[PDB]
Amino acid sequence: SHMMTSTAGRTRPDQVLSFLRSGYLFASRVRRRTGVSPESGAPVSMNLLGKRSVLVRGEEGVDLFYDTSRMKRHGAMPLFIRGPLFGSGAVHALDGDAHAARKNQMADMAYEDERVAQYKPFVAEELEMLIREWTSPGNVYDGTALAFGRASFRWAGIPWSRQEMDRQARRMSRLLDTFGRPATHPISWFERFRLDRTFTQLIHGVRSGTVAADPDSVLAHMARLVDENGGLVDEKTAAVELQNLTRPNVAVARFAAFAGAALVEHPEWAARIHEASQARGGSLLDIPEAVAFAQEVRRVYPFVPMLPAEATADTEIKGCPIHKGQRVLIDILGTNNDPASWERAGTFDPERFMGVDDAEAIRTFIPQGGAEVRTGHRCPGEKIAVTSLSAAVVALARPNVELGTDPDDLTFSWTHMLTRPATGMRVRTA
């Protein structure tokens, strides 16, 4: 790629400030800045964070990004993100054998169908209680963040009161809501400090016998987390990874707020989801129309803009050379809405997921990563995430669960990260 931004002698400008000012529009801006259409699939080379980087898209980009023989993750994610959001020693930054042993112990807890089945009754119960709590007006983001958190903490077997679960869920949701914007970024570190302290004392309590934990519970498995040689990990690392199995479910509240606005904008799907639920006695769980609607929300609405990796060897993609040690960025939002692999890519239409047997197998559907869960860095919690979101979609599609319709409930900024309706989508139960 080539930018005609300045003279040949002057180095091409770093894109860090463009990225922050444009948010989820950055990929389309850096594309037209190199002379290609925002709907093109050609790689875009740039300087980002003082490092040569290539923005890739589509099936070719996914195949390159998740080839562990050519890509590493250690040091690819800036501390601005991984520090507050993932924590020290997290699986996100591990490679090779250390990652495989860590990722399998965590996929055992979040990705296995038996474990996901254990999560379903908790989120269903918490969402039903949230509907009753919403007789006093609230908003979807704050409300489902607490319901998701309580569901995750209960599912994990953590012996906390509902008051303590709410406190930790609220703090996780605040961390997510503040880390991506430089003005509020220090707030996310503040939450990370006290979350780490709260969860380290929990792992310390389970290992010493002060805090009871079912031997097969997620809490206990994290307290018994070992490295690739069978050695027990530090209490802080075990606490960091327990948060990584709970906080990202709290993060689904953002998808639930997006889904409330989409339900307002697509009332024929709301009624269709409601009717499908009523046929099942009103159940929130495993409603095919809601699952499809949830999937189209994950595809269309912005959350993860892109992901970084560092090249371990010289390679190339579609003619663009990639030097060893430089950054490779996979366009998440652009791949999910790529006209090259999606029919009517710019249209919100959940029908594209109706009748799909294995959405995970769609190689260009990567809102939470691509390739394989256990052999790569793909999110191991997609089944829990879709369970949380689809159940929330059903609850919000109830006509007695009245969603707000003001411009602050339905619109959001695309130039900030992360983003959501400013109100969080107001809601009240009749």
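The first residue of the sequence shown is number 1, and the count goes up from there.
message: Per the record, averaged over C-alpha atoms, which has the higher B-factor: 148-156 or 94-102?
response: Mean C-alpha B-factor is greater for 94-102.
Between 214-222 and 182-190 (mean CA B-factor, as deposited), the higher: According to the PDB entry, the answer is 214-222.
message: Looking at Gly83, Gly260, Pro302, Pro321, which one carries the largest C-alpha B-factor according to the PDB entry?
response: In the PDB entry, the greatest C-alpha B-factor among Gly83, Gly260, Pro302, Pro321 is found at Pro321.
query: Hey, out of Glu296, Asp142, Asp177, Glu316, whose CA B-factor is highest in the deposited coordinates?
result: The C-alpha B-factor peaks, among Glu296, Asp142, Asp177, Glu316, at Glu316.
- request: Could you say whether, by C-alpha temperature factor, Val356 belongs to the lowest, middle or highest third of its chain?
  value: For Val356, the deposited C-alpha B-factor lands in the highest third.
message: Ranking the modelled residues of this chain by C-alpha B-factor as given in the entry, is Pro137 in the lowest, middle or highest third?
response: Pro137: CA B-factor falls in the middle third of its chain.
- request: Pull the Cα B-factor of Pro267 out of the PDB entry and bin it into the chain's lowest, middle or highest third.
  value: Middle third - that is where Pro267 ends up once the chain's C-alpha B-factors are sorted.
- request: Please rank the C-alpha B-factors of the chain's modelled residues and tell me whether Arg247 sits in the lowest, middle or highest third.
  value: Tercile = lowest for this residue's CA B-factor.
CA B-factor placement of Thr11, once the chain's modelled residues are sorted into thirds: For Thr11, whose C-alpha B-factor we compare with every modelled residue in the chain, the answer is the highest third.
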